[PDB]
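*Asks:* What follows is a single structure, and I will ask about it in a moment.
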Amino acid sequence: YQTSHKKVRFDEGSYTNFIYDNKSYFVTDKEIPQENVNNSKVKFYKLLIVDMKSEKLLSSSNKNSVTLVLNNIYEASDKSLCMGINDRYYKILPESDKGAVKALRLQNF
């Protein structure tokens, strides 16, 4: 008997966002080095494409668009959470942190 794992709910067909532990959360532009990562957190497979033109979701991959993979969550040494995106781990913060922090940027890809 061992209970310790919650399924992450992604917005789907939308920008970077998700809810964990009944709490709103999103992917930030802040990236954390593997050396800071403690270990795996959650295993999921999600991929989508967004156009940098209007920052909207699409159905195909164009030159004016960039693919984004929101998944592969990991833990940090400071109990911080992060998600894997394009071989790059980006820290995740609650939507309540808005005002001073914003979602990640596709320019990093």
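Its first residue numbered 2, the sequence shown is counted upward by one per residue in PDB author numbering.
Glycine residues also receive a C-beta, built at the ideal position from the N, C-alpha and C atoms.
(1) Please list the segments of the beta strand (DSSP E) lying wholly inside the stretch 56 to 89, counting only runs of 3 or more residues, in order along the chain.
(2) Leaving out the 5 sequence neighbours to the left and right, which residues in its chain are closer than 6 angstroms to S66 when beta-carbon positions are compared?
(3) Quick check on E36: does DSSP put it in helix, strand or coil?
(4) Look at the Cβ atom of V43, then the Cβ atom of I93, and state whether they are nearer than 8 angstroms.
(5) From the DSSP output, read off the bridge partner residues of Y26.
(6) From the DSSP secondary-structure annotation, give me the bridge partner or partners of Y91.
*Replies:* This is what the structure gives:
(1) Those beta strand (DSSP E) runs which fall completely within the stretch 56 to 89 and span 3+ residues are 66 to 69, 72 to 77, 82 to 86.
(2) As a first step, residue 66 is located in the sequence shown; it is residue number 65 there, counting from the start. Here the set comprises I50, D52, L59.
(3) Position 35 of the sequence shown, counted from the first residue, corresponds to residue 36. Coil, per DSSP.
(4) Counted from its first residue, the sequence shown places residue 43 at position 42. Counted from its first residue, the sequence shown places residue 93 at position 92. No, they are not a contact pair.
(5) Here the question's residue 26 lines up with position 25 in the sequence shown. Note: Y26 sits in a beta bridge opposite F19.
(6) Position 90 of the sequence shown, counting from 1, holds the residue named residue 91. In the DSSP output, where bridge partners are listed per residue, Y91 has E32, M84.
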